[PDB]
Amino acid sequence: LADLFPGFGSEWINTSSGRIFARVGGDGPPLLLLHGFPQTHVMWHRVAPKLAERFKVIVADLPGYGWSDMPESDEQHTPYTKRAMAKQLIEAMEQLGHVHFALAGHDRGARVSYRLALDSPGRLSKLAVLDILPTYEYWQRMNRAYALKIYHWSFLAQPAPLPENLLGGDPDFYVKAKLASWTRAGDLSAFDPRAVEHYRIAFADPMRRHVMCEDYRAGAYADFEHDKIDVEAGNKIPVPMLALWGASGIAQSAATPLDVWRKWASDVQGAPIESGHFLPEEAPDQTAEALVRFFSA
């Protein structure tokens, strides 16, 4: 596997729930970058160097993803709930002395991120979420069109071992299919092939696949419940927030992203980026500039 972060260090961060792997580079204010599915921290490899000019960039594999440890799950999928992941990453950052930091997340990582901001807003200076709406909003908008678009939300959340068993026949196919299907172009061309290999290798591990399903199971159940509590309580993220989404990404299929995020966040700016779902890889310069601009003031 290629080193896609030339000059970044590699940290194995102990937490109570297992080690978090991260690449760490740059200097200045701490900025944690979180990837999503079916990716690993290397999806930031085109934007992290630009970020590392201005920030101490921590490019972490989510709990259970990539090279991070995989806490054993349970019937409530607890360690793979975004609430638990957020707590674990808070612990990780505290291990580095970062008790107040900036956070950009994409996909599942963005769900960790906004849940972090809801649960522990004092930990965040600013938050950026890339190509998501809250889990609640996806489920609340789960009509025929959207159930077909993000079928994987309900397929991967089926009880184990159903998705695991189907995924295990040809894991390569499914990870490449998801990478390809959510880009603007509909193929793998946006990705560095070395990055694709990282994703594919992570996906080839049945335990990693199981964790991804647990993530999606949490997404269907506890995460939704946690979000539901907050929306019905009118709890809003008070952390200044950037919502970026792909013009051809997932979030904009569900609804107008900024409208939605304004219901969840008191201080949110937003911009589309001409991109499919994989903003930092499909549109690295535009994503990097948006993030630098936002986190720099």
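From 1 onward, residues are counted along the sequence shown.
Entry-level comparison of average CA B-factors, 270-278 and 7-15, reporting the higher stretch
On average, C-alpha B-factors are higher across 7-15.
If you average the CA temperature factors as listed in the entry, which stretch comes out higher, 51-59 or 33-41?
The entry gives the higher C-alpha B-factor average to 51-59.
Tell me, please, which of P161, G186, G105, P206 has the highest C-alpha B factor according to the deposited entry?
Of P161, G186, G105, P206, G186 has the highest C-alpha B-factor.
Can you pull the Cα B-factors for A84, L133, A190, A220 from the entry and say which is highest?
Out of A84, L133, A190, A220, the record gives the largest C-alpha B-factor to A190.
Check where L242 lands among this chain's C-alpha B-factors and tell me if it's the lowest, middle or highest third.
It falls in the middle third of the chain.
Cα B factor band for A22 (lowest, middle or highest third within the chain):
Answer is lowest: the recorded C-alpha B-factor places it there.
Quick check for you: using the entry's CA B-factors within this chain, is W264 in the lowest, middle or highest third?
It falls in the top third of the chain.
Within-chain third of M70 by Cα B-factor, per the entry:
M70: CA B-factor falls in the lowest third of its chain.
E197 by Cα B-factor - lowest, middle or highest third of the modelled chain:
Within its chain, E197 is a highest-third residue by C-alpha B-factor, going by the deposited values.
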